[PDB]
Every structure is written in structure tokens, then in C-alpha cells.
Amino acid sequence: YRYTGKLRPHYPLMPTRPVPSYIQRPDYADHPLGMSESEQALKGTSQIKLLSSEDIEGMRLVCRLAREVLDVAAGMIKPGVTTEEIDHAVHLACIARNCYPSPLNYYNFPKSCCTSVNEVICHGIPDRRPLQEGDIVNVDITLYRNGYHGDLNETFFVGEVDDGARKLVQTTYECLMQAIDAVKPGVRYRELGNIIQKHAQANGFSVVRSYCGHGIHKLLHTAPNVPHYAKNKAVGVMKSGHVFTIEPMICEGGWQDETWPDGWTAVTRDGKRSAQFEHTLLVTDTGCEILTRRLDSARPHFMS
Ligand code: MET
Ligand SMILES: [Co+2]
Ligand SMILES: [Co+2]
Ligand SMILES: [Co+2]
Ligand SMILES: [Co+2]
Ligand code: NA
């Protein structure tokens, strides 16, 4: 395999960590290929669930717990910590809150969260690589609780970073916040990609095309599909009671991606850096509620 940049996988992986059976599991957890039957059933529907008051409550609870678990991981971002050690603590922190870590065995994904360094766009597999000064690292957390998934991510700084890093990370966050700012009943899902691409292009950056935000609730990924680039052809219109993610991946170079032989790790075909942020959103009459927001702090971690 021709690697697109410096970064390499670092094996062996620690034996897959188990989840005590007192935690409720999503379907895919015991499917031998990790397929979700309930997700396959709704495949090829463009039709968007309206959350009940009880759905909202489940989404609120799971998303707040997912925040807590991401806040845990954010505390560990220093040089010499391995993505594995992060995922270990994430895995434990999910157990303590009676949540199943949603990535675990999702289509055979073998770990409990996604850790993406530098040129990795998304879906990095926690491994033995110690984080190095100047790295950017995204941790993507998803928890499953009492039927509901909650999904968020932030990129972080590893020690001191270069001016390029700061600007990519900053800009990626602004792209997310600007798209969230436009969420309200009436808007076309396809519009967020216009706003995201417009601000990224303005700062000299590209928008990854092969990965999209998604609806999320009883299923981990479902409708809508929500592309992050301009003049996309997404279908649907926002309504109060829709829940979905915005999760833009932005790049220092071009937008093209390819997947490592592990079948998961997406990287920039050009080897340049990509940053991502993600929130799960609920549409309300006024605008939208950020379910995965911090409650204790004005800003994402990187801002401090
Ligand atoms: C291998 S699981 C990846 C899920 C990720 N949290 C997402 O936003 O889709
Ligand atoms: Co994903
Ligand atoms: Co090494
Ligand atoms: Co997501
Ligand atoms: Co995510
Ligand atoms: Na990255």
C-alpha cells in the first residue's frame, strides 16, 4: 500500500475490550460482520423521523453523556499518550455511564471511538502510536443508551502546533458553527454544504466529499444524509423534531480521500492535514438545540 503521508498504523492492537452484558447493546454489536439490521431496513428511504418527547429525552441524555466522555478524552491529549490509551479510558467512561460505545463492532470497527491524526480525515483506529508534538488529533465519540445514539467530535492540539494547524482547526470549527447558525424549520439540508464550502474556500481549504453528516437516533446513521460541500443534491427540508449531525472535515490541500488497508482509516490522498468538528442537533421552532454542547465552558477545548 502506498501511504499518503508520514502516518502509519502501529500494531498489534490490544485485544478487543469487552462490554459487560448489563449494558444494553445495539443490534450490530453481535452481528458477525457488524451490520445493523434496523439500518439496512430503512436503507433507501429519504424520510426523516420526528422525535417524540420521549425520543428527545433519550437523545438529550445520550448526547450529554457523550459530551462527558469526549471531555475525558480531551484531558489526555498530551505528547506520549497513545490513541489506544485514549480509547481505553473512553471505553471505561462509557461503561461507567451505562452506555455501549457505539463504534465498537459497527461494521467490525474494532475499537470504542475514532482517533484521527493529521492527515487522517476520519475513522482512525486507536493504536500504539504515541502522540507527537505538533500533531492535531480528532476524537470522535458515539454512545448508545436506552435505544439512542449521541455523536460528537472535536480536534485537539498536541502540545504546541504550527500556524497552519491553528488556522485549519479554527476554520473547521467556524464552518460547523456557521452551518448550525442556519439550522431552523424551512431550510433545505443541501444548503449547509454551501455555507461550509464558502467559508472553507475563503480560507484556502477544501471540503471532503466522501463523508457526510447524518441523521441519528435509534439508528447510528440514517436520513438525512447531509453533505458538507457546495451544490450538493441532498434531499429534505428541516423541521422541528428532526435530529441529525453536522461533521465537516476540511483539508489543508485537496479534498480527495482514500481508505487504508484496514478498511476504515480515511486519509487525504495528498498527505496534507484535515480537521473535523461534530455536533448532534435537534431542530426546534426557533432554530436548533445543540445536544452535544458543553455545559461548563463557553468554547471547544482547543480554544483554551
Ligand atoms: C466507526 S464509527 C464512526 C461514527 C462517527 N461517530 C460518525 O459521526 O459517523
Ligand atoms: Co463516520
Ligand atoms: Co512510530
Ligand atoms: Co456523526
Ligand atoms: Co461522529
Ligand atoms: Na486529521
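We did not get these values from a lab; they are worked out from the coordinates using the rules stated. Cβ placement follows ideal geometry from the backbone for every residue including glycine, while neighbour counts extend to all protein chains displayed.
Table: residues versus (1) of a type in the set (S, T, N, Q); (2) in contact with a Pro (Cβ under 8 Å, 6 or more places away or on another chain).
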| site | (1), (2) |
| --- | --- |
| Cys212 | no, yes |
| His217 | no, no |
| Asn232 | yes, no |
| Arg273 | no, no |
| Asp296 | no, no |
| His301 | no, no |
| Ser304 | yes, no |
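Listed by position, the strands (runs of 3 or more DSSP E) inside the range 251-304 whose residues that are over 30 Å from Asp163 (Cβ atoms) and in contact with a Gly (Cβ under 8 Å, 6 or more places away or on another chain) number at least 3 are 279-283. Just one of (1) in contact with a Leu (Cβ under 8 Å, 6 or more places away or on another chain); (2) within 16 Å of ligand 4 (Cβ to nearest atom) fails for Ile121. It is (1).
Hey, could you check the range 118-136 for residues that are surrounded by fewer than 24 Cβ atoms within 10 Å (Cβ to Cβ) and closer than 15 Å to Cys251 by Cα and say which is farthest from ligand 5 (Cβ to nearest atom)? Outline the logic, then answer.
If we filter the range 118-136 for residues that are surrounded by fewer than 24 Cβ atoms within 10 Å (Cβ to Cβ), which is where we start, we get 122-123, 127-135.
Next, from what is left, pick out any that are closer than 15 Å to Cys251 by Cα: 122, 135.
Values: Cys122: 8, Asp135: 20 Å.
That would be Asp135.
Step by step: first the residues of the range 81-107, then only those that are part of a helix (DSSP H, G or I) and under 17 Å from the mean Cα position of the chain (by Cα), then the one that is surrounded by the fewest Cβ atoms within 10 Å (Cβ to Cβ). Which residue is that? Per the criteria, the residue is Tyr107. For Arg25, the conditions (1) touching a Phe, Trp or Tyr at 6+ places or on another chain (Cβ under 8 Å); (2) not in a loop (DSSP other than H, G, I, E, B) are fulfilled apart from (2).
Being in contact with a helix residue (DSSP H, G or I) (Cβ under 8 Å, 6 or more places away or on another chain), crowded, with 18+ Cβ neighbours inside 10 Å and basic (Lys, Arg) is the requirement here; does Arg293 meet it? No.
Quick grid of which residues meet (1) within 16 Å of ligand 4 (Cβ to nearest atom); (2) more than 27 Å from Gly236 (Cα to Cα):
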{"site": "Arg2", "(1), (2)": "no, yes"}
{"site": "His31", "(1), (2)": "no, yes"}
{"site": "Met35", "(1), (2)": "no, no"}
{"site": "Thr45", "(1), (2)": "no, no"}
{"site": "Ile48", "(1), (2)": "yes, no"}
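Restricting the first member to the range 121-149 and to residues that are free of Cβ contacts under 8 Å to residues at least 12 places away in the same chain, and the second to residues that are part of a loop (DSSP other than H, G, I, E, B) and more than 14 Å from ligand 4 (Cβ to nearest atom), no beta-carbon pair is closer than 6 Å while six or more apart or on different chains.
Of a type in the set (D, E, K, R) and more than 16 Å from ligand 1 (Cβ to nearest atom) - does that describe any residue in the range 143-161? Show your work before the answer.
Keep residues of the range 143-161 that are of a type in the set (D, E, K, R), which gives 145, 151, 154, 160.
Those still in the list that are more than 16 Å from ligand 1 (Cβ to nearest atom) too: 160.
There is at least one residue in the range 143-161 that is of a type in the set (D, E, K, R) and more than 16 Å from ligand 1 (Cβ to nearest atom).
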